[PDB]
Amino acid sequence: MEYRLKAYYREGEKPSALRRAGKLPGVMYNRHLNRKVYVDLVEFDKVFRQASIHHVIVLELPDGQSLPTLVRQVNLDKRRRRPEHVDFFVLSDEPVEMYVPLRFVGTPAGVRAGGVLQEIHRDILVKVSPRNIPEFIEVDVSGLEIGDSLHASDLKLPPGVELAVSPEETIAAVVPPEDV
Amino acid sequence: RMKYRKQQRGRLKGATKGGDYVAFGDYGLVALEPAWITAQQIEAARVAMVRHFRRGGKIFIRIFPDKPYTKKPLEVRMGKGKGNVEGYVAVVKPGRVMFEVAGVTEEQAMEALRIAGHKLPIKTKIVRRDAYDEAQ
Amino acid sequence: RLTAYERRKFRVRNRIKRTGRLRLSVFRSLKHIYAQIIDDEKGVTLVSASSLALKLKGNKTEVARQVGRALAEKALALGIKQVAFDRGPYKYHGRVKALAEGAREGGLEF
RNA sequence: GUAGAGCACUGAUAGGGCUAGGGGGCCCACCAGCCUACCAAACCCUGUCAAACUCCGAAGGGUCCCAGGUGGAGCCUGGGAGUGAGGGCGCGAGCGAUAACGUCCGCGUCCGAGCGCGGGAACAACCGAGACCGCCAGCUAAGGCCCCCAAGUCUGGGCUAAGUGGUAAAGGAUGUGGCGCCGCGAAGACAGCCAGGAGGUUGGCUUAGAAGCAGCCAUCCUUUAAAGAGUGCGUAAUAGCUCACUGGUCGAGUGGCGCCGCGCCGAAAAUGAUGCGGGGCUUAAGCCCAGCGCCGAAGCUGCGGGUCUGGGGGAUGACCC
RNA sequence: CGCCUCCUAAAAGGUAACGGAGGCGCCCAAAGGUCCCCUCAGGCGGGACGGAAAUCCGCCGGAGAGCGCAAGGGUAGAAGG
RNA sequence: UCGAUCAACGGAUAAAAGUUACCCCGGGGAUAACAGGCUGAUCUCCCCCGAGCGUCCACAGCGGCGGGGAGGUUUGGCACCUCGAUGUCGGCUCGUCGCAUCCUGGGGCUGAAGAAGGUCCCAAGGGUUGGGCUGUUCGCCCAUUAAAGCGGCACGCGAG
RNA sequence: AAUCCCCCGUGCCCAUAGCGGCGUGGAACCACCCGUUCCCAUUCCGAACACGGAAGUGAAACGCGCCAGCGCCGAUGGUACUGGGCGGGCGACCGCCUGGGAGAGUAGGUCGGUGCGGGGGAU
């Protein structure tokens with residue numbers, strides 16, 4: 001869950017001041033209708049942090065107009081961390097650009113195996129799924145060694161289907177400690 | 001080190017900021033106040049880590065042996081073509097995304113870094129994955 | 001692509017640089033054929049050559065020479081008095097040699 | 001078109017997927033199979049760099065015309081010339097060790113050549129400021145006001161207390177104070193307390209001994225103070241010890257990791273000592289933010305004078321603006 | 001220790017350095033004129049003497065092959081064949 | 001319109017090499033050499049981390065790898081004082097300060113029984129021998145000794 | 001004559017005028033098409049260029065419209081940069097005031113808009 005406090009003024013001087021209080025610039029955006037609303041960090045963050053929040057949208061409260069949104073971009077801060085501008089898109093009904101949180105279990109044959117461990121490359125999926133993506137899209141296997149690897153092909157796609165990604169290209173693979 | 005089959009003799013000198021950040025495994029060592037760092041020192045860390053980590057499951061990388069540093073002569077008087085190639089290394093300056101894995105699962109990795117860099121050569125910090133990142 | 005199209009754009013750009021003010025654009029082939037006059041892309045375009053008023057599709061590169069001489073005088077007065085040249089999708093021996101002589105009288109006026 | 005930037009131009013290069021070039025491959029005359037052991041043109045994805053790479057691209061600077069445009073410069077013609085090597089500071093590239101009151105070039109200031117005053121202790125070039133000459137006149141810069149010495153030992157709100165003031169890094173720490181955060185089961189807390197520290201817990205090897213307190217893992221059960229697959233003093237196993245628990249005892253707040261601003265350790269010298277000196281640490285101090293106030297320049301105003309230059313009345317002067 | 005090219009000239013232009021790099025002190029009698037035609041390397045697929053790479057067929061391609069000679073500019077809307 | 005590395009390329013001539021510790025005249029620390037200065041190369045001393053040795057024990061004794069300062073010595077960098085003048089070595093004689101202290105003591109530590117070593121922090125108090133050979137200070141060697149230190153001051157000393 | 005519309009040419013705009021996918025037209029265009037003595041032509045062939053004409057067809061070149069997969073376009077915000085004035089630090093260097101303020105990065109964007117001659121398409 002999310003919400004915020006808008007910017008009548010915008011661009012530079014303002015976002016800076018924001019920062020000053022403890023507010024970072026925020027872009028509220030919906031298919032070609034745009035408004036600069038501004039970020040109260042602390043909380044902002046707890047929220048973001050959920051991360052489940054960054055992968056699977058949430059609802060925000062502005063003025064009193066409860067609406068659906070996610071981050072489609074973000075300027076997180078050079079010299080350290082935290083940000084420089086947080087970016088969200090509220091959706092109508094056709095969400096195609098989806099980097100849905102992805103989980104898969106490489107049930108043993110990996111590290112309990114030849115020492116080799118499994119490297120997670122994809123871990124998430126930017127496929128398609130209009131106003132319909134879980135907090136957890138997932139897949140599984142039982143091999144993590146030899147010179148073994150698997151990807152977008154093997155994949156195994158659930159309910160709100162649609163691969164906006166590619167004909168396989170490394171969800172994960174296993175490498176040796178000092179070989180196997 | 002490795003800056004093999006270069007192409008030229010030498011660089012020059014400056015420094016100020018760049019583009020290192022991400023994550024890449026969740027066992028991260030990020031610089032902060034540096035500049036160039038000996039490809040060697042570098043390997044140092046490499047070692048440090050590698051060894052600590054029960055000595056097997058691979059770490060990853062980060063910067064490179066990048067440039068050719070020259071003290072030219074040996075100690076002469078100065079006016080050589082400034083020639084002489086000699087020490088090769090990294091050029092990372094604004095807290096950089098230095099990325100090292102293994103499967104330590106813990107403040108164990110911590111230590112690994114701890115020394116690796118404590119060593120290495122600067123004011124620096126370390127962590128994990130904190131604000132993902134979306135590409136095309 | 002760039003190949004034959006260029007056959008074209010080449011006679012093009014060269015023709016173009018050429019500058020004695022006007023150029024007629026002949027056009028090879030049978031009913032296809034027909035030639036229209038132009039100058040600087042001021043925007044304008046003097047007169048139009050030969051509306052398919054067929055005279056002898058026969059062995060007539062002369063169907064040609066005719067439509068030509070025609071256009072020749074057509075413009076000749078069509079647009080009071082002037083001098084220049086033209087395009088051509090080829091050398092002057094057949095269809096095109098023809099539009100040529102046509103023009104040829106167009107200017108010759110005898 | 002450098003900074004930035006980006007990577008498709010070229011060149012780098014790091015973990016990745018596919019692929020062949022070295023290969024096991026023998027079935028060994030329709031001579032083709034897995035493995036893959038392969039360098040990968042590659043491969044896309046994940047990755048960051050380039051003054052002499054760049055698909056993007058400025059921050060200004062360049063300049064043509066119109067307009068500001070008088071200080072006062074602006075222009076052309078002309079005779080009298082001096083330097084033709086200089087350093088410093090700031091920014092931008094060289095170089096040098098990214099060393100030097102080094103040396104190379106450039107934008108600016110500079111200092112000489114005026115740069116004579118303030119000044120920061122005293123210091124050619126670091127902040128202030130242009131001295132034509134007066135004043136036993138007043139307003140100010142910078143930067144100052146306990147004193148040595150002009151100027152509040154002002155007020156207000158803090159934070160250090162080591163003397164930091166009064167040069168230093170790597171890095172170390174139950175420093176000091178501050179977050180913005182964690183434990184409060186008054187089903188009364190933690191260090192302090194009391195007692196029990198429970199029976200199968202009794203090889204698995206080794207059993208000379210594990211029968212938690214010898215090495216290669218065990219991760220279950222009953223059972224209540226709630227339960228130690230026993231964190232620990234140990235030898236011959238074993239036998240004894242503190243809580244890791246009450247359980248009761250107490251209860252009422254406890255042990256933390258990140259991010260903060262102010263200090264200590266780290267940092268040993270050569271005639272003697274030192275923040276300028278006296279000095280001073282809740283004004284006297286110092287660091288930070290708050291506001292007032294007076295000091296102090298040949299700098300600025302007010303009595304006046306000298307002087308040249310445009311113009312103004314040019315009578316010789318002259319006077320005045 | 002003369003000249004051309006690239007960097008540093010820091011974006012006008014334009015500048016040292018015992019600063020980086022690297023070429024020329026030929027010729028081409030026809031690479032000198034103009035008219036007419038043509039149009040790359042390389043990738044792939046299929047083929048006589050092949051047989052990583054000729055020669056021919058079949059597709060593909062901001063043109064990265066090309067232009068005596070080095071670089072840089074250009075540039076096949078050819079200066080290129 | 002021809003001859004021409006006049007190619008140190010703007011090119012004095014056509015036509016030119018040397019050597020001076022035998023030397024001599026002009027000015028400049030706008031150039032070396034001494035030392036000084038600033039830098040620190042650095043070497044010396046110290047300080048971090050720990051791979052790792054120390055049967056067992058990381059750190060009693062030790063440190064891989066890499067890292068971080070102090071100081072003004074050694075081998076160097078520069079050019080301003082100095083070229084109307086600053087005598088450079090070795091030694092002598094009289095030395096003066098300094099501590100990372102050698103002998104001294106005070107110490108915690110030990111892989112410390114004792115004794116004896118060795119391992120750091122504190123502290124300069126006095127003290128810190130003769131010869132040999134070598135112009136050499138350094139050095140190696142003889143004999144002891146409680147011990148027979150490192151070094152600052154143009155590597156102190158020619159107005160001694 | 002001088003209305004828009006179908007077009008065959010032939011013009012400015014450099015890839016939303018592209019690749020490629022589905023469609024679709026010849027009546028009239030126009031293309032391929034027929035054949036070659038004759039213009040004139042292939043260092044081989046009229047392959048192309050060319051001459052020489054009914055046809056046949058609309059496959060192929062071909063014009064619009066739908067399709068955005070690749071490609072091309074590529075804002076709002078946002079940071080880096082920095083023109084200029086001031087600070088904070090021995091330091092490499094950090095930071096503060098005032099105008100300019102690309103890139104990439106989700107948007108979302110497109111499968112051209114039109115100059116003129118004209119066969120002509122609709123008394």
# chains A, B, ... in the order shown; residues from 1 in each chain; ligands from 1
call {"tool": "select_by_dssp", "arguments": {"residues": "stretch 8-47 of chain B", "states": "strand (DSSP E)", "output": "ChimeraX atom specification"}}
result
/B:28-30,35-38
call {"tool": "residues_around", "arguments": {"residues": "stretch 117-124 of chain F", "least_positions_apart": "3", "cutoff": "8 Å", "atoms": "only C-alpha atoms (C1' of nucleotides)", "output": "count of residues only"}}
result
7
call {"tool": "closest_atom_pairs", "arguments": {"of": "chain E", "to": "chain C", "cutoff": "10 Å", "atoms": "only C-alpha atoms (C1' of nucleotides)", "output": "Markdown table"}}
result
| residue | atom | partner | partner_atom | distance |
| --- | --- | --- | --- | --- |
| E:36 | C1' | C:91 | CA | 8.3 |
| E:38 | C1' | C:7 | CA | 9.7 |
| E:39 | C1' | C:3 | CA | 7.2 |
| E:77 | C1' | C:13 | CA | 6.3 |
call {"tool": "write_last_selection", "arguments": {"atoms": "C-alpha atoms (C1' of nucleotides)", "output": "PDB file, in the first residue's frame"}}
result
ATOM      1  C1'   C E  36      28.222   6.219 -71.930  1.00  0.00           C
ATOM      2  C1'   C E  38      28.425  -0.271 -63.942  1.00  0.00           C
ATOM      3  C1'   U E  39      27.910  -0.357 -58.490  1.00  0.00           C
ATOM      4  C1'   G E  77      23.072  11.452 -54.072  1.00  0.00           C
TER       5        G E  77
END
call {"tool": "residues_around", "arguments": {"residues": "stretch 61-68 of chain C", "least_positions_apart": "5", "cutoff": "8 Å", "atoms": "only C-alpha atoms (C1' of nucleotides)", "output": "VMD selection string"}}
result
chain C and resid 49 to 50 54 to 56 94 to 95 98 to 103
call {"tool": "select_by_dssp", "arguments": {"residues": "chain B", "states": "helix (DSSP H, G or I)", "output": "list in words"}}
result
residues 39, 40, 41, 42, 43, 44, 45, 46, 47, 48, 49, 50, 51, 52, 107, 108, 109, 110, 111, 112, 113, 114, 115, 116, 117, 118 and 119 of chain B
call {"tool": "residues_around", "arguments": {"residues": "residue G:69", "least_positions_apart": "4", "cutoff": "12 Å", "atoms": "only C-alpha atoms (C1' of nucleotides)", "output": "ChimeraX atom specification"}}
result
/A:164 /G:19-21
call {"tool": "write_last_selection", "arguments": {"atoms": "N, CA, C and O atoms (P, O5', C5', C4', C3', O3' and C1' of nucleotides)", "output": "PDB file, in the first residue's frame"}}
result
ATOM      1  N   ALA A 164       6.713 -11.726 -22.634  1.00  0.00           N
ATOM      2  CA  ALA A 164       7.196 -10.531 -23.353  1.00  0.00           C
ATOM      3  C   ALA A 164       8.708 -10.495 -23.418  1.00  0.00           C
ATOM      4  O   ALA A 164       9.294  -9.595 -24.033  1.00  0.00           O
TER       5      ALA A 164
ATOM      6  P     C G  19      11.016  -1.070 -47.076  1.00  0.00           P
ATOM      7  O5'   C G  19      11.393  -2.182 -46.018  1.00  0.00           O
ATOM      8  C5'   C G  19      12.661  -2.785 -46.040  1.00  0.00           C
ATOM      9  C4'   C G  19      12.750  -3.740 -44.908  1.00  0.00           C
ATOM     10  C3'   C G  19      11.669  -4.795 -44.949  1.00  0.00           C
ATOM     11  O3'   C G  19      12.084  -5.849 -45.796  1.00  0.00           O
ATOM     12  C1'   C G  19      11.886  -3.921 -42.771  1.00  0.00           C
ATOM     13  P     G G  20      11.141  -6.299 -47.006  1.00  0.00           P
ATOM     14  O5'   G G  20      10.317  -7.510 -46.388  1.00  0.00           O
ATOM     15  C5'   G G  20      10.911  -8.345 -45.410  1.00  0.00           C
ATOM     16  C4'   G G  20       9.995  -8.485 -44.230  1.00  0.00           C
ATOM     17  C3'   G G  20       8.571  -8.833 -44.588  1.00  0.00           C
ATOM     18  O3'   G G  20       8.465 -10.219 -44.802  1.00  0.00           O
ATOM     19  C1'   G G  20       8.627  -7.244 -42.828  1.00  0.00           C
ATOM     20  P     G G  21       7.187 -10.786 -45.559  1.00  0.00           P
ATOM     21  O5'   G G  21       6.023 -10.642 -44.491  1.00  0.00           O
ATOM     22  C5'   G G  21       5.894 -11.590 -43.445  1.00  0.00           C
ATOM     23  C4'   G G  21       4.593 -11.383 -42.712  1.00  0.00           C
ATOM     24  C3'   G G  21       3.322 -11.454 -43.549  1.00  0.00           C
ATOM     25  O3'   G G  21       2.891 -12.801 -43.744  1.00  0.00           O
ATOM     26  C1'   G G  21       3.241  -9.570 -42.116  1.00  0.00           C
TER      27        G G  21
END
call {"tool": "interface_residues", "arguments": {"of": "chain A", "to": "chain G", "cutoff": "8 Å", "atoms": "only C-alpha atoms (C1' of nucleotides)", "output": "number ranges by chain"}}
result
A: 11, 27, 31-32, 34-36, 72-73, 75, 78, 84-85
call {"tool": "interface_residues", "arguments": {"of": "chain B", "to": "chain D", "cutoff": "8 Å", "atoms": "only C-alpha atoms (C1' of nucleotides)", "output": "ChimeraX atom specification"}}
result
/B:3,6-7,13-14,19-20,24,60-64,66,71,78,82
call {"tool": "closest_residue", "arguments": {"among": "A:137, A:58, A:180, A:175", "to": "chain D", "atoms": "only C-alpha atoms (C1' of nucleotides)"}}
result
A:175
call {"tool": "closest_atom_pairs", "arguments": {"of": "chain B", "to": "chain G", "cutoff": "10 Å", "atoms": "only C-alpha atoms (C1' of nucleotides)", "output": "JSON lines"}}
result
{"residue": "B:14", "atom": "CA", "partner": "G:92", "partner_atom": "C1'", "distance": 9.9}
{"residue": "B:15", "atom": "CA", "partner": "G:92", "partner_atom": "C1'", "distance": 9.2}
{"residue": "B:16", "atom": "CA", "partner": "G:93", "partner_atom": "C1'", "distance": 9.1}
{"residue": "B:17", "atom": "CA", "partner": "G:80", "partner_atom": "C1'", "distance": 9.4}
{"residue": "B:18", "atom": "CA", "partner": "G:80", "partner_atom": "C1'", "distance": 9.2}
{"residue": "B:33", "atom": "CA", "partner": "G:92", "partner_atom": "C1'", "distance": 9.6}
{"residue": "B:34", "atom": "CA", "partner": "G:92", "partner_atom": "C1'", "distance": 9.2}
{"residue": "B:35", "atom": "CA", "partner": "G:92", "partner_atom": "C1'", "distance": 9.3}
{"residue": "B:134", "atom": "CA", "partner": "G:105", "partner_atom": "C1'", "distance": 9.1}
{"residue": "B:135", "atom": "CA", "partner": "G:105", "partner_atom": "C1'", "distance": 8.0}
{"residue": "B:136", "atom": "CA", "partner": "G:105", "partner_atom": "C1'", "distance": 8.9}
call {"tool": "write_last_selection", "arguments": {"atoms": "N, CA and C atoms", "output": "PDB file, in the first residue's frame"}}
result
ATOM      1  N   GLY B  14      43.355  12.421 -13.541  1.00  0.00           N
ATOM      2  CA  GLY B  14      42.270  13.345 -13.181  1.00  0.00           C
ATOM      3  C   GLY B  14      41.386  12.954 -11.992  1.00  0.00           C
ATOM      4  N   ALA B  15      40.340  12.169 -12.257  1.00  0.00           N
ATOM      5  CA  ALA B  15      39.406  11.672 -11.225  1.00  0.00           C
ATOM      6  C   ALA B  15      38.205  12.577 -10.794  1.00  0.00           C
ATOM      7  N   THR B  16      37.084  11.951 -10.369  1.00  0.00           N
ATOM      8  CA  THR B  16      35.892  12.658  -9.838  1.00  0.00           C
ATOM      9  C   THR B  16      34.516  11.992  -9.601  1.00  0.00           C
ATOM     10  N   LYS B  17      34.159  10.967 -10.383  1.00  0.00           N
ATOM     11  CA  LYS B  17      32.877  10.216 -10.258  1.00  0.00           C
ATOM     12  C   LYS B  17      32.616   9.323 -11.510  1.00  0.00           C
ATOM     13  N   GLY B  18      31.652   8.380 -11.466  1.00  0.00           N
ATOM     14  CA  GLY B  18      31.384   7.524 -12.631  1.00  0.00           C
ATOM     15  C   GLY B  18      30.075   6.761 -12.880  1.00  0.00           C
ATOM     16  N   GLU B  33      35.676   6.501  -1.666  1.00  0.00           N
ATOM     17  CA  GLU B  33      36.619   7.642  -1.872  1.00  0.00           C
ATOM     18  C   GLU B  33      37.928   7.315  -2.570  1.00  0.00           C
ATOM     19  N   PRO B  34      37.875   6.512  -3.619  1.00  0.00           N
ATOM     20  CA  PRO B  34      39.184   6.251  -4.189  1.00  0.00           C
ATOM     21  C   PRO B  34      39.783   7.039  -5.338  1.00  0.00           C
ATOM     22  N   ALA B  35      40.029   6.247  -6.381  1.00  0.00           N
ATOM     23  CA  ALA B  35      40.746   6.596  -7.599  1.00  0.00           C
ATOM     24  C   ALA B  35      41.234   5.275  -8.303  1.00  0.00           C
ATOM     25  N   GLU B 134      15.538  -1.895 -13.237  1.00  0.00           N
ATOM     26  CA  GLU B 134      14.784  -2.250 -14.433  1.00  0.00           C
ATOM     27  C   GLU B 134      15.451  -1.720 -15.696  1.00  0.00           C
ATOM     28  N   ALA B 135      15.727  -2.616 -16.652  1.00  0.00           N
ATOM     29  CA  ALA B 135      16.320  -2.277 -17.962  1.00  0.00           C
ATOM     30  C   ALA B 135      15.277  -2.545 -19.063  1.00  0.00           C
ATOM     31  N   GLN B 136      15.655  -2.388 -20.329  1.00  0.00           N
ATOM     32  CA  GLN B 136      14.732  -2.694 -21.427  1.00  0.00           C
ATOM     33  C   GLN B 136      14.711  -4.198 -21.702  1.00  0.00           C
TER      34      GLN B 136
END
call {"tool": "interface_residues", "arguments": {"of": "chain E", "to": "chain B", "cutoff": "10 Å", "atoms": "only C-alpha atoms (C1' of nucleotides)", "output": "PyMOL selection string"}}
result
chain E and resi 17-21
